[PDB]
Amino acid sequence: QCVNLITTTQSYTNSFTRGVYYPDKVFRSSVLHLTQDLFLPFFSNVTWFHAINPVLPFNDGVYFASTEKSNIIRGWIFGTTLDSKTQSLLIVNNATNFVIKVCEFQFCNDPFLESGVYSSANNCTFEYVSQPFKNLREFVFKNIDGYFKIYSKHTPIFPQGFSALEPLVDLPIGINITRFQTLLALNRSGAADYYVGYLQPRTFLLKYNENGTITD
Amino acid sequence: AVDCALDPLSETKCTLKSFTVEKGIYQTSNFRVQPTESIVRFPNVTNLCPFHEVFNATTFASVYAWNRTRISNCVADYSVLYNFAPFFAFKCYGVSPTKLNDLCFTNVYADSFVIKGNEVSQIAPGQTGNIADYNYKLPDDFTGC
Amino acid sequence: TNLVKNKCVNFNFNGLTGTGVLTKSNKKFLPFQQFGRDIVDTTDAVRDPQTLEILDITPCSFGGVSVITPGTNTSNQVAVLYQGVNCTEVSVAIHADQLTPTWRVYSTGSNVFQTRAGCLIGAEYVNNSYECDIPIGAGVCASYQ
Amino acid sequence: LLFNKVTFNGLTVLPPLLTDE
Amino acid sequence: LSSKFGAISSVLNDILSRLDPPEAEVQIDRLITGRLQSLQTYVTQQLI
Amino acid sequence: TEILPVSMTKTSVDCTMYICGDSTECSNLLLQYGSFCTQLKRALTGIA
């Protein structure tokens, strides 16, 4: 059901130092730690989508950022294929909690948000619900060693600041994820802007303060 | 002879390999305070598996229409199953019931069904019978109890 | 197992094994991070998986053992220097059998002196200054007078 | 001024024999 | 000490608890060789 | 002004807690490597 259209703006983020997250659960006080992990390169070409939907590859990590469109960008789909022949993920949010379930959903052509995304319910394997908590919403998805990691951090007011993304869930689903798709949550009968960046194997020098927070 | 663990003089004679030690200070060994106790700490066990609801169910399904329940993402506490009648008959294959409370598993499946007394011995890998061939059969490489 | 602090014990915090002294820490951890590491990547602080309290991990006391002797030709009396440790810790590890060297020097009183190089047992500290005969460390020397 | 300007798994640091004093 | 000189781990407690004593022997031997080489290098540099 | 180094930090190594750290199997395996521990301890004592 085609109900929306997007535009691809590939050239953006001339000044970008946002792709930073906590690589592990280790506390460090006034320590300059050298980390080799899947980070987002600084000043990289992040694709900007201006929707008024398409499938995007995962390729070992993806960065997601959303504008102050509250309750608009509140869905994410993951899986190697959008059909019932293989397992697929499904994540939804209601600005207070996160509901995650992985099943062999039969996705439609353009899910818009529930029967609006899938048409069947095959033999699922896992389901989870997260704990409760202009603004900026950043997200990072990883599928290393079967554990699906998600990092997030909310901050008011995009390139004029620095903030590290804290881990939220560590879903041990173990499914193969190659492609992903976002849900715009169209109103039943827009200005939804979201950024998509891909992680790469790079070395970073993390700066920890006295309280154990990544400062730079 | 010199017992090297008797006194510090014997220890410095051991280190110097000489019965006569010269005036001075000699490093013989290193001291260390041994651990007094052994502490093992784990988070509170709260995600209990649904086996309690499976065993405490009112009526089970038939032997030919048994319903399988999926057990995952929970702590398999096998000690709580003793609250029912003590008529449990344990017959495991490939795993020990005592060491089962210390191992990990990916997915656990529980099959429940009601049969008579004579068919209890038929629920085992390699058996032959009416129920074992037309109602419920276990594989040769079955792992569980 | 229950939590024990201010005591050298073998701890196991959710798979993190080791030995050390657990004390109350002033470190303000974040909810997602559990254990802390210093610049040399050694575990120096952990959180209780149940109480959620941050506990400093201090390695149990160790150091070199030095024997001070005037020479076999003079006398068999010796003094022991526990390098890099307070005399109180040595007294605690001697009262309760926790010290690695099985031999123990008799503490007759006024013979256990605390130096900046370590705890000295077997020699009495006098206020008179003499020429250094046996160098102990930190300006303290020993002699047989 | 000179003193103010100039500012564990088996490794022990031994103090010098002569102190700063 | 955090480096595994061709070993599955460097904690010296996971090796004795995961694999058999025969293979744990060669793993501990590799770790001992690595740490002894490190100590020798340190002592040589300290002598220089 | 002329500044000249006179001494450096005196260092001692257990040679056993570093390589093994309260491991009995590691100590028994290290006992087969000879007197490298003794040489290292003697060199460090000489430097000190």
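Hey, can you tell me all the residues within segment E:5-39 that are more than 11 Å from chain F (Cβ to nearest Cβ), over 20 Å from D:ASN9 (Cα atoms) and part of a helix (DSSP H, G or I)?
Selection gives E:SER17, E:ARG18, E:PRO22, E:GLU23.
Can you tell me how many residues in segment F:2-48 are aromatic (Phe, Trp, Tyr), part of a helix (DSSP H, G or I) and touching a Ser or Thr at 6+ places or on another chain (Cβ under 9 Å)?
Matching residues across segment F:2-48 total 1.
Test B:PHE55 against the stated conditions and say whether it is more than 7 Å from every other protein chain (Cβ to nearest Cβ) and loosely packed, with under 12 Cβ neighbours inside 10 Å.
When the stated conditions are applied, B:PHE55 does not pass them.
Please go through (1) surrounded by fewer than 17 Cβ atoms within 10 Å (Cβ to Cβ); (2) not in a helix (DSSP H, G or I) for E:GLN45 and return the number of the only condition it doesn't satisfy.
(2)
So A:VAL117 passes all but one of these: (1) over 30 Å from B:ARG68 (Cα atoms); (2) away from chain C (no Cβ under 14 Å). Which condition number does it fail?
(1)
Of the residues C:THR23, C:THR17, which single one is facing another protein chain (nearest Cβ under 7 Å), closer than 30 Å to A:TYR22 by Cβ, polar (S, T, N, Q) and in a strand (DSSP E or B)?
Step by step, each of C:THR23, C:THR17 is checked, and only C:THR17 is facing another protein chain (nearest Cβ under 7 Å), closer than 30 Å to A:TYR22 by Cβ, polar (S, T, N, Q) and in a strand (DSSP E or B).
Could you count how many residues in segment B:118-134 are more than 30 Å from the chain's Cα centre (by Cα) and surrounded by fewer than 14 Cβ atoms within 10 Å (Cβ to Cβ)?
Counting residues in segment B:118-134 that are more than 30 Å from the chain's Cα centre (by Cα) and surrounded by fewer than 14 Cβ atoms within 10 Å (Cβ to Cβ) gives 5.
Does B:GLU11 satisfy being within 14 Å of chain C (Cβ to nearest Cβ), part of a loop (DSSP other than H, G, I, E, B) and among the charged types (D, E, K, R)?
no
Determine, yes or no, whether F:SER23 is of a type in the set (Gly, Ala, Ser), within 11 Å of chain D (Cβ to nearest Cβ) and under 26 Å from C:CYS60 (Cβ atoms).
Criteria not met by F:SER23.
Those residues that are surrounded by fewer than 16 Cβ atoms within 10 Å (Cβ to Cβ) and more than 18 Å from E:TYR42 (Cα to Cα), I need them from segment F:1-26; list them, please.
F:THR1, F:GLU2, F:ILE3, F:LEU4, F:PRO5, F:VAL6, F:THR24, F:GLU25
Taking C:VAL105 as the residue in question, decide whether it is touching a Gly at 6+ places or on another chain (Cβ under 7 Å), within 11 Å of chain B (Cβ to nearest Cβ), within 21 Å of B:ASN30 (Cα to Cα) and not basic (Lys, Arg).
Taking the combined requirement at face value, the residue satisfies it.
Which residues, counting only those in segment D:3-21, are exposed (fewer than 14 other Cβ atoms within 10 Å of the Cβ) and either facing chain F (nearest Cβ under 9 Å) or closer than 18 Å to C:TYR82 by Cβ (or both)?
Taking segment D:3-21 first, the residues exposed (fewer than 14 other Cβ atoms within 10 Å of the Cβ) are D:3-8, D:11, D:13, D:18-21.
Passing the criteria: D:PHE8, D:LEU11, D:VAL13.
In the set A:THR96, A:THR86, which member is within 17 Å of the chain's Cα centre (by Cα), over 14 Å from A:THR182 (Cα atoms) and surrounded by fewer than 20 Cβ atoms within 10 Å (Cβ to Cβ)?
Unique residue meeting the criteria: A:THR96.
Restricting attention to segment C:70-89, and to residues there that are of a type in the set (A, V, I, L, M, F, W, C) and more than 8 Å from chain B (Cβ to nearest Cβ), which single residue is farthest from B:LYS23 (Cα to Cα)?
For segment C:70-89, the residue satisfying everything is C:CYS87.
Determine which single condition A:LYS69 fails, assuming it passes every other condition in (1) assigned to a loop (DSSP other than H, G, I, E, B); (2) out of contact with any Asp or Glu (no Cβ under 9 Å at 6 or more places or on another chain).
Checking A:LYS69 against (1) assigned to a loop (DSSP other than H, G, I, E, B); (2) out of contact with any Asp or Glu (no Cβ under 9 Å at 6 or more places or on another chain), the one that fails is (2).
Anything in segment A:29-43 that is farther than 21 Å from A:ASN209 by Cα and assigned to a strand (DSSP E or B)? List them, or say none.
A:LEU38
Restricted to segment A:1-28, and to residues that are part of a strand (DSSP E or B) and over 20 Å from A:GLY212 (Cβ atoms), which residue is farthest from the other protein chains (Cβ to nearest Cβ)?
A:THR7
When you scan segment A:109-209 for strands (runs of 3 or more DSSP E) that lie fully inside it, which ones turn up with 2 or more residues that are over 17 Å from the mean Cα position of the chain (by Cα)?
Of the strands (runs of 3 or more DSSP E) lying wholly inside segment A:109-209, those with at least 2 residues that are over 17 Å from the mean Cα position of the chain (by Cα) span A:126-129, A:200-207.
When segment C:26-69 is examined, which residues are found to be assigned to a strand (DSSP E or B), more than 10 Å from chain A (Cβ to nearest Cβ) and under 20 Å from E:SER2 (Cα atoms)?
C:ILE57, C:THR58
Restricting attention to segment C:89-145, which residues are assigned to a loop (DSSP other than H, G, I, E, B), surrounded by 14 or more Cβ atoms within 10 Å (Cβ to Cβ) and small (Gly, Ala, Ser)?
Hits for segment C:89-145 are C:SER107, C:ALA117, C:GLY122, C:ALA123, C:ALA138, C:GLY139, C:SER143.
Restricting attention to segment B:14-41, report how many residues are outside any loop (DSSP other than H, G, I, E, B), surrounded by 14 or more Cβ atoms within 10 Å (Cβ to Cβ) and within 7 Å of chain C (Cβ to nearest Cβ).
11
Can you confirm whether C:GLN114 is under 27 Å from D:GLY10 (Cβ atoms), away from chain B (no Cβ under 11 Å) and in contact with a helix residue (DSSP H, G or I) (Cβ under 8 Å, 6 or more places away or on another chain)? Let's see the steps before the verdict.
Numbers: under 27 Å from D:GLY10 (Cβ atoms): yes; away from chain B (no Cβ under 11 Å): yes; in contact with a helix residue (DSSP H, G or I) (Cβ under 8 Å, 6 or more places away or on another chain): yes.
Spelling it out, C:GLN114 is indeed under 27 Å from D:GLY10 (Cβ atoms), away from chain B (no Cβ under 11 Å) and in contact with a helix residue (DSSP H, G or I) (Cβ under 8 Å, 6 or more places away or on another chain).
Are any residues in segment B:98-126 part of a loop (DSSP other than H, G, I, E, B) and aliphatic (A, V, I, L, M), and if so, which ones? Reasoning before the result, please.
Filtering segment B:98-126 for residues part of a loop (DSSP other than H, G, I, E, B) gives B:98, B:103-107, B:113-126.
Correct list: B:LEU103, B:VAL114, B:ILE115, B:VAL120, B:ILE123, B:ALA124.
Select from segment A:97-151 the residues that are β-branched (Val, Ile, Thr) and under 30 Å from A:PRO201 (Cβ atoms) and list them in ascending order. Steps first, please.
Our first condition is that a residue be β-branched (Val, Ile, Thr); within segment A:97-151, this holds for A:99-100, A:102, A:117, A:125, A:129, A:140, A:144, A:150.
Selection gives A:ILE100, A:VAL102, A:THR125, A:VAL140, A:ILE144, A:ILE150.
Just one of A:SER115, A:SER163 is touching a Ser or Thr at 6+ places or on another chain (Cβ under 6 Å) and closer than 28 Å to A:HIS50 by Cβ; which is it?
Working: A:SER115 fails: touching a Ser or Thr at 6+ places or on another chain (Cβ under 6 Å).
Result of the check over A:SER115, A:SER163: A:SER163.
List every residue pair whose Cβ atoms lie under 9 Å apart, where the two residues are 6 or more positions apart in sequence or sit on different chains, the first residue falls within segment C:124-139 and is within 13 Å of chain D (Cβ to nearest Cβ), and the second residue, located anywhere, is in a loop (DSSP other than H, G, I, E, B) and aromatic (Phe, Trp, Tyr).
C:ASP133/C:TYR144; C:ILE134/C:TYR144
Results for (1) within 19 Å of B:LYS23 (Cβ to Cβ); (2) among the β-branched types (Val, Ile, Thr), shown as yes or no for each residue.
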position	(1), (2)
C:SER61	no, no
C:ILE68	yes, yes
C:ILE94	no, yes
C:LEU99	no, no
C:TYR130	yes, no
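In this structure, does B:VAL95 turn out to be surrounded by 11 or more Cβ atoms within 10 Å (Cβ to Cβ), in contact with a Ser or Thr (Cβ under 9 Å, 6 or more places away or on another chain) and of a type in the set (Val, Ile, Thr)?
Here the answer is yes, as B:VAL95 does meet what is asked.
Can you tell me which condition B:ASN44 does not meet? The list is (1) more than 9 Å from chain C (Cβ to nearest Cβ); (2) more than 29 Å from F:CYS37 (Cβ to Cβ), and all the others hold.
Unmet condition: (1).
No Cβ is skipped: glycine too gets one built from the backbone with ideal geometry, and neighbour counts run over all protein chains shown. Quick note: the coordinates plus some simple rules give every number you see, no bench work behind them.
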